[PDB]
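Asker: Contents of work.cif (mmCIF, C-alpha atoms) are below:
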```cif
data_data
#
loop_
_atom_site.label_atom_id
_atom_site.label_comp_id
_atom_site.auth_asym_id
_atom_site.auth_seq_id
_atom_site.Cartn_x
_atom_site.Cartn_y
_atom_site.Cartn_z
CA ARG A 105 -28.06 -57.38 -21.52
CA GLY A 106 -27.53 -60.59 -23.54
CA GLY A 107 -30.81 -61.72 -25.08
CA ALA A 108 -30.64 -61.94 -28.89
CA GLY A 109 -27.47 -60.44 -30.41
CA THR A 110 -24.80 -58.84 -28.20
CA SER A 111 -21.43 -57.27 -29.05
CA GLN A 112 -20.07 -60.46 -27.53
CA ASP A 113 -19.79 -63.06 -30.34
CA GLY A 114 -21.60 -66.39 -30.39
CA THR A 115 -24.94 -64.65 -29.79
CA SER A 116 -28.41 -64.70 -31.42
CA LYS A 117 -26.89 -62.19 -33.88
CA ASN A 118 -26.19 -64.10 -37.12
CA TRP A 119 -25.52 -61.98 -40.21
CA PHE A 120 -26.68 -62.49 -43.80
CA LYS A 121 -26.21 -61.39 -47.42
CA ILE A 122 -29.04 -60.84 -49.90
CA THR A 123 -27.21 -60.46 -53.23
CA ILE A 124 -29.69 -59.91 -56.09
CA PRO A 125 -28.58 -61.38 -59.40
CA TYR A 126 -28.99 -58.68 -62.04
CA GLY A 127 -29.90 -55.86 -59.65
CA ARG A 128 -28.14 -52.86 -61.20
CA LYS A 129 -30.69 -53.10 -63.93
CA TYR A 130 -33.18 -51.42 -61.65
CA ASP A 131 -33.79 -48.33 -59.52
CA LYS A 132 -32.05 -48.65 -56.16
CA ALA A 133 -35.37 -47.20 -55.04
CA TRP A 134 -37.77 -49.36 -57.08
CA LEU A 135 -36.16 -52.73 -56.61
CA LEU A 136 -35.93 -52.11 -52.88
CA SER A 137 -39.59 -51.02 -52.80
CA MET A 138 -40.75 -54.31 -54.28
CA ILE A 139 -38.42 -56.57 -52.31
CA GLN A 140 -40.65 -55.26 -49.53
CA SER A 141 -44.13 -54.94 -50.98
CA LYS A 142 -43.92 -58.71 -51.27
CA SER A 143 -42.01 -59.37 -48.06
CA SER A 144 -43.87 -61.07 -45.28
CA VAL A 145 -42.36 -58.50 -43.01
CA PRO A 146 -40.56 -55.11 -43.24
CA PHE A 147 -36.77 -55.05 -42.75
CA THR A 148 -33.77 -52.64 -43.10
CA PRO A 149 -31.10 -52.57 -45.87
CA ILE A 150 -27.68 -52.84 -44.16
CA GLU A 151 -24.97 -51.36 -46.34
CA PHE A 152 -26.72 -51.84 -49.71
CA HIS A 153 -24.34 -51.57 -52.63
CA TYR A 154 -23.99 -52.57 -56.22
CA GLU A 155 -21.21 -54.66 -57.68
CA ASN A 156 -20.96 -54.88 -61.43
CA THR A 157 -24.46 -56.16 -62.26
CA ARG A 158 -25.60 -57.16 -58.82
CA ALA A 159 -27.03 -55.50 -55.76
CA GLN A 160 -26.54 -57.03 -52.36
CA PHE A 161 -27.45 -56.03 -48.79
CA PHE A 162 -26.96 -57.65 -45.38
CA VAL A 163 -29.61 -58.32 -42.76
CA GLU A 164 -29.52 -59.24 -39.09
CA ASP A 165 -32.64 -60.92 -37.74
CA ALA A 166 -32.49 -64.50 -39.04
CA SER A 167 -36.26 -64.13 -39.32
CA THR A 168 -36.11 -61.02 -41.53
CA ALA A 169 -33.54 -62.38 -43.96
CA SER A 170 -35.54 -65.61 -44.48
CA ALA A 171 -38.78 -63.84 -45.33
CA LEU A 172 -36.99 -62.43 -48.38
CA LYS A 173 -36.18 -65.88 -49.68
CA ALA A 174 -39.91 -66.08 -50.15
CA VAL A 175 -39.68 -62.91 -52.24
CA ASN A 176 -37.67 -65.09 -54.61
CA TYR A 177 -39.03 -65.16 -58.16
CA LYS A 178 -41.96 -62.97 -56.94
CA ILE A 179 -41.20 -59.45 -58.23
CA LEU A 180 -41.78 -59.10 -61.96
CA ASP A 181 -39.98 -56.36 -63.96
CA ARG A 182 -40.41 -54.40 -67.17
CA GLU A 183 -39.16 -56.61 -70.03
CA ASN A 184 -41.22 -59.22 -68.14
CA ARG A 185 -38.48 -61.20 -66.42
CA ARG A 186 -38.48 -62.33 -62.76
CA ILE A 187 -36.31 -60.72 -60.12
CA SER A 188 -34.15 -63.34 -58.40
CA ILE A 189 -33.19 -63.29 -54.74
CA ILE A 190 -30.22 -65.31 -53.54
CA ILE A 191 -30.15 -65.36 -49.78
CA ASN A 192 -27.06 -66.54 -47.94
CA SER A 193 -25.86 -66.66 -44.35
CA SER A 194 -22.65 -64.81 -43.45
CA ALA A 195 -20.32 -62.44 -41.67
CA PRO A 196 -21.31 -58.98 -40.45
CA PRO A 197 -20.83 -55.74 -42.46
CA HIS A 198 -17.85 -56.25 -44.78
CA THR A 199 -16.05 -58.29 -42.10
CA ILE A 200 -12.26 -58.32 -42.63
CA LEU A 201 -13.05 -60.51 -45.68
CA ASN A 202 -10.46 -61.67 -48.20
CA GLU A 203 -10.71 -63.55 -51.54
CA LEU A 204 -11.83 -62.58 -55.05
CA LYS A 205 -15.49 -61.87 -55.79
CA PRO A 206 -17.39 -63.71 -58.64
CA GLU A 207 -16.40 -61.20 -61.34
CA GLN A 208 -12.58 -61.25 -61.18
CA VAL A 209 -12.78 -65.02 -60.85
CA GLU A 210 -14.95 -65.43 -63.99
CA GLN A 211 -12.38 -62.99 -65.29
CA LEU A 212 -9.24 -64.82 -64.12
CA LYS A 213 -10.56 -67.82 -65.96
CA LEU A 214 -9.67 -65.79 -69.06
CA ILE A 215 -5.97 -65.09 -68.51
CA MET A 216 -5.60 -68.80 -68.06
CA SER A 217 -7.54 -69.88 -71.17
CA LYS A 218 -5.31 -67.60 -73.21
CA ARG A 219 -2.49 -69.21 -71.25
CA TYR A 220 -3.36 -72.90 -71.02
CA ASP A 221 -2.60 -74.86 -74.12
CA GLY A 222 -4.28 -78.00 -75.42
CA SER A 223 -1.37 -78.99 -77.59
CA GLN A 224 0.49 -80.14 -74.48
CA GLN A 225 -1.69 -78.92 -71.61
CA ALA A 226 1.13 -76.49 -70.90
CA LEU A 227 -0.62 -74.06 -68.58
CA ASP A 228 2.32 -71.59 -68.75
CA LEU A 229 0.60 -69.74 -65.92
CA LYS A 230 4.00 -68.08 -65.31
CA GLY A 231 4.66 -64.65 -63.77
CA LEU A 232 1.05 -63.51 -63.33
CA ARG A 233 2.00 -60.36 -61.42
CA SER A 234 3.97 -58.65 -64.15
CA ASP A 235 1.38 -59.55 -66.80
CA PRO A 236 -0.62 -57.45 -69.33
CA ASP A 237 -4.42 -57.75 -69.54
CA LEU A 238 -4.86 -57.95 -65.73
CA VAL A 239 -2.09 -55.36 -65.72
CA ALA A 240 -3.75 -52.09 -64.76
CA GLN A 241 -7.09 -53.40 -63.49
CA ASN A 242 -6.79 -53.46 -59.68
CA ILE A 243 -6.42 -57.14 -60.53
CA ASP A 244 -3.99 -58.00 -57.73
CA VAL A 245 -4.37 -61.75 -58.06
CA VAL A 246 -1.46 -62.91 -55.90
CA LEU A 247 -1.01 -66.66 -56.30
CA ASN A 248 1.15 -66.83 -53.19
CA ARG A 249 -1.98 -66.18 -51.15
CA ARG A 250 -4.30 -69.14 -50.62
CA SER A 251 -7.25 -67.05 -51.87
CA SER A 252 -6.15 -66.56 -55.46
CA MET A 253 -4.28 -69.86 -55.70
CA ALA A 254 -7.51 -71.25 -54.44
CA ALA A 255 -9.79 -70.09 -57.27
CA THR A 256 -6.75 -70.42 -59.52
CA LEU A 257 -6.97 -74.12 -58.86
CA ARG A 258 -10.74 -74.36 -58.81
CA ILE A 259 -10.68 -73.27 -62.49
CA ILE A 260 -8.04 -75.80 -63.42
CA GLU A 261 -10.22 -78.41 -61.72
CA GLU A 262 -13.51 -77.11 -63.10
CA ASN A 263 -12.31 -76.63 -66.69
CA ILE A 264 -9.06 -78.55 -67.11
CA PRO A 265 -9.46 -81.99 -65.57
CA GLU A 266 -6.42 -83.41 -67.38
CA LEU A 267 -3.75 -80.70 -67.03
CA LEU A 268 -0.34 -82.15 -67.87
CA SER A 269 1.94 -79.28 -66.83
CA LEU A 270 1.80 -76.10 -64.79
CA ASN A 271 4.60 -73.56 -65.23
CA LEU A 272 4.21 -71.44 -62.08
CA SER A 273 7.70 -70.06 -61.52
CA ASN A 274 8.75 -66.57 -60.29
CA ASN A 275 5.42 -65.83 -58.56
CA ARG A 276 6.90 -64.72 -55.21
CA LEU A 277 5.12 -67.44 -53.24
CA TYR A 278 6.24 -69.14 -50.03
CA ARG A 279 4.01 -71.48 -48.03
CA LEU A 280 2.89 -74.32 -50.33
CA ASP A 281 0.05 -75.47 -48.13
CA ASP A 282 -2.80 -73.74 -50.02
CA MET A 283 -2.15 -75.52 -53.35
CA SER A 284 -2.28 -78.81 -51.46
CA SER A 285 -5.42 -79.85 -53.27
CA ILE A 286 -3.92 -79.78 -56.78
CA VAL A 287 -3.06 -83.41 -56.25
CA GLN A 288 -6.73 -84.15 -56.73
CA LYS A 289 -7.59 -81.31 -59.14
CA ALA A 290 -4.63 -81.77 -61.43
CA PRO A 291 -4.20 -85.60 -61.60
CA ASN A 292 -2.50 -86.08 -65.00
CA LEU A 293 -0.32 -83.10 -64.14
CA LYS A 294 2.97 -84.82 -64.93
CA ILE A 295 5.36 -81.89 -65.04
CA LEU A 296 5.30 -78.84 -62.75
CA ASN A 297 7.38 -75.92 -61.74
CA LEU A 298 7.93 -73.60 -58.77
CA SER A 299 11.10 -72.12 -60.22
CA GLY A 300 12.63 -68.76 -59.40
CA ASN A 301 10.01 -68.51 -56.69
CA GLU A 302 10.49 -68.18 -52.95
CA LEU A 303 10.71 -71.56 -51.23
CA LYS A 304 13.44 -71.97 -48.61
CA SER A 305 12.53 -75.23 -46.85
CA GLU A 306 12.44 -78.07 -49.32
CA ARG A 307 10.14 -79.49 -46.68
CA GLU A 308 7.39 -77.90 -48.76
CA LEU A 309 7.56 -80.44 -51.58
CA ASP A 310 6.22 -82.67 -48.86
CA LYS A 311 2.86 -80.90 -49.20
CA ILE A 312 2.33 -80.96 -52.98
CA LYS A 313 3.91 -84.46 -52.86
CA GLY A 314 1.15 -86.53 -54.46
CA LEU A 315 2.22 -85.57 -57.97
CA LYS A 316 3.77 -88.37 -60.02
CA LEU A 317 6.04 -85.72 -61.56
CA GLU A 318 7.64 -87.21 -64.67
CA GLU A 319 9.62 -83.90 -64.62
CA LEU A 320 10.03 -80.89 -62.31
CA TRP A 321 11.91 -77.68 -61.53
CA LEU A 322 12.86 -75.86 -58.31
CA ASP A 323 15.80 -73.46 -58.63
CA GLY A 324 15.80 -69.74 -57.88
CA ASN A 325 14.33 -70.66 -54.50
CA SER A 326 16.22 -70.25 -51.21
CA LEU A 327 15.83 -74.01 -51.22
CA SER A 328 19.12 -73.78 -53.13
CA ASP A 329 21.77 -72.53 -50.76
CA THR A 330 20.73 -74.96 -48.00
CA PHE A 331 22.17 -78.17 -49.46
CA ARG A 332 25.56 -79.85 -49.98
CA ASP A 333 26.10 -80.59 -53.69
CA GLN A 334 23.73 -81.19 -56.58
CA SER A 335 23.63 -84.73 -55.13
CA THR A 336 22.06 -83.94 -51.77
CA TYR A 337 19.58 -81.89 -53.81
CA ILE A 338 18.54 -84.65 -56.19
CA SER A 339 18.82 -87.27 -53.46
CA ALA A 340 16.56 -85.23 -51.18
CA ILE A 341 14.03 -83.92 -53.74
CA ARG A 342 13.97 -87.25 -55.57
CA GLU A 343 12.37 -88.79 -52.49
CA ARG A 344 8.99 -87.10 -52.58
CA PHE A 345 8.97 -87.33 -56.41
CA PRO A 346 10.60 -90.77 -57.10
CA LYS A 347 10.01 -91.45 -60.78
CA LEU A 348 11.41 -87.96 -61.32
CA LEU A 349 13.28 -87.67 -64.63
CA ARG A 350 14.56 -84.14 -65.29
CA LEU A 351 15.27 -81.06 -63.16
CA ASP A 352 15.94 -77.30 -63.25
CA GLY A 353 16.99 -77.84 -66.86
CA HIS A 354 20.02 -80.11 -66.38
CA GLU A 355 20.29 -83.87 -67.05
CA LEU A 356 19.12 -86.08 -64.19
CA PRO A 357 20.73 -89.55 -64.07
CA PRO A 358 18.49 -92.66 -64.50
CA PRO A 359 16.01 -94.12 -62.01
CA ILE A 360 16.89 -96.92 -59.56
CA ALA A 361 14.44 -99.75 -58.93
CA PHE A 362 15.44 -102.98 -57.12
#
```
Translate this file's structure into structure tokens.

Answerer:
Amino acid sequence: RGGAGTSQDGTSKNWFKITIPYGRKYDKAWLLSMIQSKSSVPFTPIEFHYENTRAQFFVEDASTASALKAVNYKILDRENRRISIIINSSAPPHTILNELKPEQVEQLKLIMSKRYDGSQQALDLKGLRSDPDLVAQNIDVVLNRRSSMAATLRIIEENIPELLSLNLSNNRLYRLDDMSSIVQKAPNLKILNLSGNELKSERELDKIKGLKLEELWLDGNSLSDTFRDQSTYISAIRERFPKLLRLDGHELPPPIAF
């Protein structure tokens, strides 16, 4: 019965992840022998596995896991470097789990660099699906999904803290919640896009609102056939993005102070 880790969640279970930076540079048998010979207590590798250049295994007993953190910088390999143990709390064996793992990310950062420009900050991050490089690479970075879009923005934040544009059309993407943060990450972002995408309810622009968009786009989206004339469009849209100046490529009449 219930005492310290039952099949009924919210128990004294608690799962972890050991991830060893630069593991696959050693014998799955050696490395695991040492990360023991120095461990206060014995343990039990749960679903060990490599990933690019790392090795990472889960644990259960919160006590076990934590006695490995003391194995940190203890083992000392061939070339004479120090093994490094990164211990982190987490979900059980490959729980549902979504997102992109460290590699792909530090890999996505590349498509962008070769995409973002410093002449005009034009991060023509357009149609990423149908795109070479990542093309053929299991690289299913789908910006519509919070996950990608997430990192996708973390990089803009982390590397480009002055972006002035962000062509992002066509990328079959609907809910605009996820990229809600951009307002903080992409301040100077003046222009933007969402063109030929998939946005029915203009009520989305309400989310990404905070962008003083001295220019925008928004056609191709269902958001089209759901309005009166090009006037209800402008008049609506124009709200969230007042100082708006251009749109979908056509001329947009002057502002209107008071």

Asker: If we count all atoms listed in the file, what is near segment 132-144 of chain A at a cut-off of 6 Å, once residues fewer than 5 positions away on the same chain are taken out, given as an MDAnalysis selection string?

Answerer: chainID A and resid 171:172 175

Asker: Residues near segment 271-277 of chain A, anyone? I mean within 9 Å using only C-alpha atoms, not counting same-chain ones fewer than 5 positions away, as a PDB file with C-alpha atoms, in the coordinates of the input.

Answerer:
```
ATOM      1  CA  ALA A 226       1.130 -76.490 -70.900  1.00  0.00           C
ATOM      2  CA  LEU A 227      -0.620 -74.060 -68.580  1.00  0.00           C
ATOM      3  CA  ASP A 228       2.320 -71.590 -68.750  1.00  0.00           C
ATOM      4  CA  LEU A 229       0.600 -69.740 -65.920  1.00  0.00           C
ATOM      5  CA  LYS A 230       4.000 -68.080 -65.310  1.00  0.00           C
ATOM      6  CA  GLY A 231       4.660 -64.650 -63.770  1.00  0.00           C
ATOM      7  CA  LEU A 232       1.050 -63.510 -63.330  1.00  0.00           C
ATOM      8  CA  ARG A 233       2.000 -60.360 -61.420  1.00  0.00           C
ATOM      9  CA  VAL A 246      -1.460 -62.910 -55.900  1.00  0.00           C
ATOM     10  CA  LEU A 247      -1.010 -66.660 -56.300  1.00  0.00           C
ATOM     11  CA  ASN A 248       1.150 -66.830 -53.190  1.00  0.00           C
ATOM     12  CA  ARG A 249      -1.980 -66.180 -51.150  1.00  0.00           C
ATOM     13  CA  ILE A 295       5.360 -81.890 -65.040  1.00  0.00           C
ATOM     14  CA  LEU A 296       5.300 -78.840 -62.750  1.00  0.00           C
ATOM     15  CA  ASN A 297       7.380 -75.920 -61.740  1.00  0.00           C
ATOM     16  CA  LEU A 298       7.930 -73.600 -58.770  1.00  0.00           C
ATOM     17  CA  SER A 299      11.100 -72.120 -60.220  1.00  0.00           C
ATOM     18  CA  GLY A 300      12.630 -68.760 -59.400  1.00  0.00           C
ATOM     19  CA  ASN A 301      10.010 -68.510 -56.690  1.00  0.00           C
ATOM     20  CA  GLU A 302      10.490 -68.180 -52.950  1.00  0.00           C
ATOM     21  CA  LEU A 303      10.710 -71.560 -51.230  1.00  0.00           C
ATOM     22  CA  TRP A 321      11.910 -77.680 -61.530  1.00  0.00           C
ATOM     23  CA  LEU A 322      12.860 -75.860 -58.310  1.00  0.00           C
ATOM     24  CA  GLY A 324      15.800 -69.740 -57.880  1.00  0.00           C
TER      25      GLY A 324
END
```

Asker: Looking at only C-alpha atoms, which of A:288, A:184, A:224, A:325 is the one that sits closest to residue 262 of chain A?

Answerer: A:288

Asker: Give me, as number ranges by chain, all polymer residues having an atom no more than 8 Å from segment 120-131 of chain A, counting all atoms listed in the file and skipping those fewer than 2 positions away in the same chain.

Answerer: A: 118, 133-136, 154-164, 166, 169, 187-196

Asker: Those same residues - C-alpha atoms - I'd like them written as an mmCIF file, in the frame of the given file.

Answerer:
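This went into part_15.cif:
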```cif
data_model
loop_
_atom_site.group_PDB
_atom_site.id
_atom_site.type_symbol
_atom_site.label_atom_id
_atom_site.label_comp_id
_atom_site.auth_asym_id
_atom_site.auth_seq_id
_atom_site.Cartn_x
_atom_site.Cartn_y
_atom_site.Cartn_z
ATOM 1 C CA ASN A 118 -26.190 -64.100 -37.120
ATOM 2 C CA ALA A 133 -35.370 -47.200 -55.040
ATOM 3 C CA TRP A 134 -37.770 -49.360 -57.080
ATOM 4 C CA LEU A 135 -36.160 -52.730 -56.610
ATOM 5 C CA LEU A 136 -35.930 -52.110 -52.880
ATOM 6 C CA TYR A 154 -23.990 -52.570 -56.220
ATOM 7 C CA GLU A 155 -21.210 -54.660 -57.680
ATOM 8 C CA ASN A 156 -20.960 -54.880 -61.430
ATOM 9 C CA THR A 157 -24.460 -56.160 -62.260
ATOM 10 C CA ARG A 158 -25.600 -57.160 -58.820
ATOM 11 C CA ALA A 159 -27.030 -55.500 -55.760
ATOM 12 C CA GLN A 160 -26.540 -57.030 -52.360
ATOM 13 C CA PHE A 161 -27.450 -56.030 -48.790
ATOM 14 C CA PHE A 162 -26.960 -57.650 -45.380
ATOM 15 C CA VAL A 163 -29.610 -58.320 -42.760
ATOM 16 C CA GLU A 164 -29.520 -59.240 -39.090
ATOM 17 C CA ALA A 166 -32.490 -64.500 -39.040
ATOM 18 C CA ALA A 169 -33.540 -62.380 -43.960
ATOM 19 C CA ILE A 187 -36.310 -60.720 -60.120
ATOM 20 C CA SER A 188 -34.150 -63.340 -58.400
ATOM 21 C CA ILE A 189 -33.190 -63.290 -54.740
ATOM 22 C CA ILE A 190 -30.220 -65.310 -53.540
ATOM 23 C CA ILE A 191 -30.150 -65.360 -49.780
ATOM 24 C CA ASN A 192 -27.060 -66.540 -47.940
ATOM 25 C CA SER A 193 -25.860 -66.660 -44.350
ATOM 26 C CA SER A 194 -22.650 -64.810 -43.450
ATOM 27 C CA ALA A 195 -20.320 -62.440 -41.670
ATOM 28 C CA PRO A 196 -21.310 -58.980 -40.450
#
```

Asker: Go through A:333, A:244, A:207, A:343 and flag the residue nearest residue 316 of chain A, using only C-alpha atoms for the distances.

Answerer: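 Nearest candidate to residue 316 of chain A out of A:333, A:244, A:207, A:343: A:343.
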
Asker: Can you list, as a ChimeraX atom specification, every protein, DNA or RNA residue that comes within 6 Å of residue 327 of chain A when you count all atoms listed in the file, leaving out same-chain residues fewer than 3 positions away?

Answerer: /A:303-306,330

Asker: Tell me, in Å to one decimal, how far atom CA of residue 319 of chain A is from atom CA of residue 332 of chain A.

Answerer: 22.0 Å

Asker: Mind giving me the straight-line distance from atom CA of residue 176 of chain A to atom CA of residue 203 of chain A in Å, one decimal?

Answerer: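 Separation between atom CA of residue 176 of chain A and atom CA of residue 203 of chain A: 27.2 Å.
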
Asker: For this structure, which residues satisfy the selection - the PyMOL selection byres ((chain A and resi 344) around 7) - when it is evaluated on the file as given? I want them as a PyMOL selection string.

Answerer: chain A and resi 309-310+313+341-343+345-346

Asker: To one decimal place, how far is atom CA of residue 308 of chain A from atom CA of residue 281 of chain A in Å?

Answerer: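 Going from atom CA of residue 308 of chain A over to atom CA of residue 281 of chain A, I get 7.8 Å.
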
Asker: List the residues selected by the PyMOL selection byres ((chain A and resi 315) around 8) in the file shown, writing them as a ChimeraX atom specification.

Answerer: /A:287,291,293-294,312-314,316-317,345

Asker: Rank A:326, A:318, A:251, A:114 by their smallest atom-to-atom distance to residue 349 of chain A, using all atoms listed in the file, and report the top residue only.

Answerer: A:318

Asker: Given all atoms listed in the file as the basis, pick out the residue of A:170, A:112, A:265, A:146 nearest to residue 222 of chain A.

Answerer: A:265

Asker: So, with all atoms listed in the file as the atoms that count, which of A:213, A:198, A:311, A:347 lies closest to residue 153 of chain A?

Answerer: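 Smallest distance to residue 153 of chain A is found for A:198.
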
Asker: Rank nothing, just name the residue among A:323, A:237, A:261, A:266 nearest to residue 337 of chain A, using all atoms listed in the file.

Answerer: A:323

Asker: Once 6 Å is added on each side, what are the centre and the three edge lengths, in Å to one decimal, of the axis-aligned box enclosing the listed atoms of segment 275-278 of chain A? Present them as AutoDock Vina command-line options.

Answerer:
```
--center_x 6.0 --center_y -66.9 --center_z -54.3 --size_x 13.8 --size_y 16.4 --size_z 20.5
```

Asker: What would the selection look like, as a PyMOL selection string, if the PyMOL selection byres ((chain A and resi 215) around 10) were run on the coordinates I just shared?

Answerer: chain A and resi 211-214+216-220+229+232+235-238

Asker: Using C-alpha atoms, can you export the residues from the last selection as a tab-separated table (two decimals), in the coordinates of the input?

Answerer:
```
chain	number	residue	atom	x	y	z
A	211	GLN	CA	-12.38	-62.99	-65.29
A	212	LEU	CA	-9.24	-64.82	-64.12
A	213	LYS	CA	-10.56	-67.82	-65.96
A	214	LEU	CA	-9.67	-65.79	-69.06
A	216	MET	CA	-5.60	-68.80	-68.06
A	217	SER	CA	-7.54	-69.88	-71.17
A	218	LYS	CA	-5.31	-67.60	-73.21
A	219	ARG	CA	-2.49	-69.21	-71.25
A	220	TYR	CA	-3.36	-72.90	-71.02
A	229	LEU	CA	0.60	-69.74	-65.92
A	232	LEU	CA	1.05	-63.51	-63.33
A	235	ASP	CA	1.38	-59.55	-66.80
A	236	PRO	CA	-0.62	-57.45	-69.33
A	237	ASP	CA	-4.42	-57.75	-69.54
A	238	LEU	CA	-4.86	-57.95	-65.73
```
